[PDB]
Visitor: 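To start, I am sharing the structure in question, which I have written as structure tokens.
In what follows, every chain begins at residue 1, and chains take the letters A, B, ... in the order their sequences are listed. These values consider heavy atoms only, across backbone and side chains, with no hydrogens, waters or symmetry-generated copies.
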Amino acid sequence: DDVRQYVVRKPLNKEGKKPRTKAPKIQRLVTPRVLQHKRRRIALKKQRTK
RNA sequence: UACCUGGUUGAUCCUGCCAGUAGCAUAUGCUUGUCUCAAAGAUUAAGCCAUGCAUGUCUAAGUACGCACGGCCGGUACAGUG
Ligand SMILES: [Mg+2]
Ligand SMILES: [Mg+2]
Ligand SMILES: [Mg+2]
Ligand SMILES: [Mg+2]
Ligand SMILES: [Mg+2]
Ligand SMILES: [Mg+2]
Ligand SMILES: [Mg+2]
């Protein structure tokens with residue numbers, strides 16, 4: 001499942017301001033940047049060995 | 001600038017100190033127009049202290065769900081300022 005679809009967003013409703021909703025930033029979320037960082041670490045290991 | 005002068009005797013020559021002489025540091029007195037530097041609660045009490053200040057700090061890059069602002073789109077997990 002996709003955890004991005006179940007984030008509980010709090011409805012922000014202030015007088016005089018356009019009503020809307022807010023969501024937190026998911027932590028410990030596997031993202032392409034995390035995988036790329038892991039790949040780079042492994043690549044550095046390979047370079048050191050070579 | 002490698003310097004002396006007054007004072008013991010009726011007078012002399014000595015010894016010898018007292019006093020004078022110049023600088024330098026602290027204080028103090030009288031006086032003081034310009035201008036450049038500039039010391040400054042050490043000495044007595046490392047005695048006692050009202051009050052205020054004297055040490056804080058965020059980048060692109062640890063943690064943002066404060067609408068505190070501001071969205072752009074509005075379910076686009078997380079825009080940005082913070
Ligand atoms: Mg005699
Ligand atoms: Mg005489
Ligand atoms: Mg003398
Ligand atoms: Mg004199
Ligand atoms: Mg003047
Ligand atoms: Mg002092
Ligand atoms: Mg003192």
Side-chain angles (χ1 to χ4, degrees):
Chain A
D1 307 326
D2 186 8
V3 316
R4 311 188 279 278
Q5 303 317 335
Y6 292 56
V7 146
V8 201
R9 334 174 50 89
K10 54 183 318 200
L12 264 64
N13 257 272
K14 181 135 121 171
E15 333 305 313
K17 313 228 176 270
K18 191 163 75 121
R20 158 267 311 283
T21 187
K22 234 200 218 175
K25 159 156 132 156
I26 294 164
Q27 204 61 53
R28 260 185 227 188
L29 175 68
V30 188
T31 54
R33 200 192 311 243
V34 181
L35 269 37
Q36 164 155 21
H37 280 157
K38 200 163 159 258
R39 246 140 43 205
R40 168 144 188 83
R41 172 168 36 249
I42 298 318
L44 286 173
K45 283 183 174 258
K46 302 190 207 200
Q47 278 140 63
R48 280 190 217 92
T49 293
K50 174 161 158 263

Visitor: Restricting to salt bridge (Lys or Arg N to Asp or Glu O under 4.0 Å), what partner residues turn up for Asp1(A), sequence neighbours left out?
Guide: none
Visitor: Between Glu15(A) and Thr31(A), which is nearer to the 5' end of RNA chain B once each is assigned its nearest nucleotide?
Guide: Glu15(A)
Visitor: Reckon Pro19(A) touches a base, only the sugar-phosphate, or nothing at all at heavy-atom distances under 4.0 Å?
Guide: base
Visitor: Verify the contact: side-chain N or O of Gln5(A) to OP1 or OP2 of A77(B), cut-off strictly under 4.0 Å; return yes or no.
Guide: yes
Visitor: Roughly, in whole Å, what's the span from CZ in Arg33(A) to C1' in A77(B)?
Guide: 14 Å
Visitor: Mind checking if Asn13(A) touches a base, just sugar-phosphate, or nothing, with heavy atoms under 4.0 Å?
Guide: base
Visitor: To the nearest Å, give me how far apart CZ (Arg9(A)) and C1' (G66(B)) are.
Guide: 17 Å
Visitor: Hydrophobic clusters join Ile, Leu, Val, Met, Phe, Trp and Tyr when side-chain heavy atoms are under 4.5 Å apart, directly or via other members; which others share one with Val34(A)?
Guide: none
Visitor: Should side-chain heavy atoms under 4.5 Å link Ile, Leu, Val, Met, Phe, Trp and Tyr, which residues sit in the same cluster as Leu29(A)?
Guide: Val3(A), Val7(A), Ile26(A)
Visitor: Is the base of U43(B) stacked on the base of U44(B), in that the six-ring centres lie under 5.5 Å apart and the planes are under 30° off?
Guide: no
Visitor: Using the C1'-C2'-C3'-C4' torsion, classify the pucker of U76(B) as north or south, with positive meaning north.
Guide: south
Visitor: Is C17(B) a north or a south sugar when classified by the sign of torsion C1'-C2'-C3'-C4'?
Guide: north
Visitor: Over how many whole Å does the gap from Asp2(A) atom CG to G75(B) atom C1' extend?
Guide: 12 Å
Visitor: Please report the distance separating the P of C30(B) from the corresponding atom of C35(B), rounded so that it comes out in whole Å.
Guide: 25 Å
Visitor: Taking salt bridge (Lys or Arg N to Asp or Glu O under 4.0 Å) as the definition, give me every residue that meets it alongside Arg20(A), ordered by chain and number, with sequence neighbours left out.
Guide: none
Visitor: Taking the sign of the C1'-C2'-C3'-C4' torsion, positive for north and negative for south, which way does the sugar of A64(B) pucker?
Guide: south
Visitor: Take atom P in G80(B) and the same atom in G66(B), then report the distance between them in whole Å.
Guide: 13 Å
Visitor: Using the torsion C1'-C2'-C3'-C4', state whether the ribose or deoxyribose of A45(B) falls on the north (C3'-endo) or south (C2'-endo) side.
Guide: south
Visitor: Can you name the atoms? Protein N/O to nucleotides 68-70 of chain B N/O, anything below 3.5 Å, with the distance.
Guide:
{"from": "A68(B)", "atom 1": "OP2", "to": "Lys14(A)", "atom 2": "NZ", "distance (Å)": "2.5"}
{"from": "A68(B)", "atom 1": "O5'", "to": "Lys14(A)", "atom 2": "NZ", "distance (Å)": "3.3"}
{"from": "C69(B)", "atom 1": "OP1", "to": "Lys14(A)", "atom 2": "NZ", "distance (Å)": "3.3"}
{"from": "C69(B)", "atom 1": "OP2", "to": "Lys14(A)", "atom 2": "NZ", "distance (Å)": "2.8"}
{"from": "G70(B)", "atom 1": "OP2", "to": "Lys17(A)", "atom 2": "NZ", "distance (Å)": "2.9"}
{"from": "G70(B)", "atom 1": "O6", "to": "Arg20(A)", "atom 2": "NH2", "distance (Å)": "3.2"}

Visitor: Would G7(B) and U8(B) pass the stacking test, six-membered ring centres less than 5.5 Å apart and planes less than 30 degrees?
Guide: no
Visitor: Assign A61(B) to north (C3'-endo side) or south (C2'-endo side) according to its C1'-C2'-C3'-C4' torsion.
Guide: north
Visitor: If the glycosidic angle is within 90 degrees of 0 it's syn, otherwise anti, so just tell me which one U76(B) is.
Guide: syn
Visitor: Using atom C1' of each nucleotide, how far apart are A68(B) and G75(B) to the nearest Å?
Guide: 25 Å
Visitor: Hey, would you call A54(B) and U55(B) stacked, ring centres under 5.5 angstrom, planes off by under 30 degrees?
Guide: no
Visitor: Paired stems touching RNA chain B, three or more consecutive Watson-Crick or G-U pairs with both distances under 3.5 Å?
Guide: B:4-7 with B:17-20
Visitor: Distance between the P atoms of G23(B) and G7(B), in whole angstroms?
Guide: 26 Å
Visitor: Stacking between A68(B) and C69(B), judged by six-membered ring centres under 5.5 Å and planes under 30°?
Guide: yes
Visitor: For nucleotides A27(B) and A40(B), find the distance between their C1' atoms and express it as a whole number of Å.
Guide: 14 Å
Visitor: Sequence neighbours excluded, which residues qualify as side chain to side chain contact (heavy atoms under 4.5 Å, CB included) partners of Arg28(A)?
Guide: none
Visitor: Between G47(B) and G41(B), how far is it from one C1' atom to the other, in whole Å?
Guide: 12 Å
Visitor: Please list, chain by chain and in numerical order, all residues satisfying side chain to side chain donor-acceptor pair (under 3.5 Å) with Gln27(A), sequence neighbours excluded.
Guide: none
Visitor: Identify, with sequence neighbours excluded, every residue that meets side chain to side chain contact (heavy atoms under 4.5 Å, CB included) alongside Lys22(A).
Guide: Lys10(A), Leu12(A)
Visitor: So which protein nitrogen or oxygen atoms get under 3.5 Å of nucleotides 59-64 of chain B's nitrogens or oxygens?
Guide:
{"from": "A64(B)", "atom 1": "OP1", "to": "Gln27(A)", "atom 2": "OE1", "distance (Å)": "2.8"}

Visitor: Send over the distance from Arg4(A) CZ to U76(B) P, rounded to a whole Å.
Guide: 14 Å
Visitor: Donor-acceptor pairs under 3.5 angstrom involving side-chain atoms of residues 41-50 of chain A: please list them, not counting sequence neighbours.
Guide:
{"from": "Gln47(A)", "atom 1": "NE2", "to": "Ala43(A)", "atom 2": "O", "distance (Å)": "2.8"}
{"from": "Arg48(A)", "atom 1": "NH1", "to": "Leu44(A)", "atom 2": "O", "distance (Å)": "3.4"}
{"from": "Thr49(A)", "atom 1": "OG1", "to": "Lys45(A)", "atom 2": "O", "distance (Å)": "3.3"}

Visitor: Taking the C1' atom in each of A42(B) and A46(B), what is the distance between them to the nearest angstrom?
Guide: 12 Å
Visitor: Quantified in whole Å, what is the P atom distance between nucleotide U57(B) and nucleotide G82(B)?
Guide: 15 Å
Visitor: Under 5.5 Å between six-membered ring centres and under 30° between their planes: does that hold for the bases of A39(B) and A40(B)?
Guide: yes
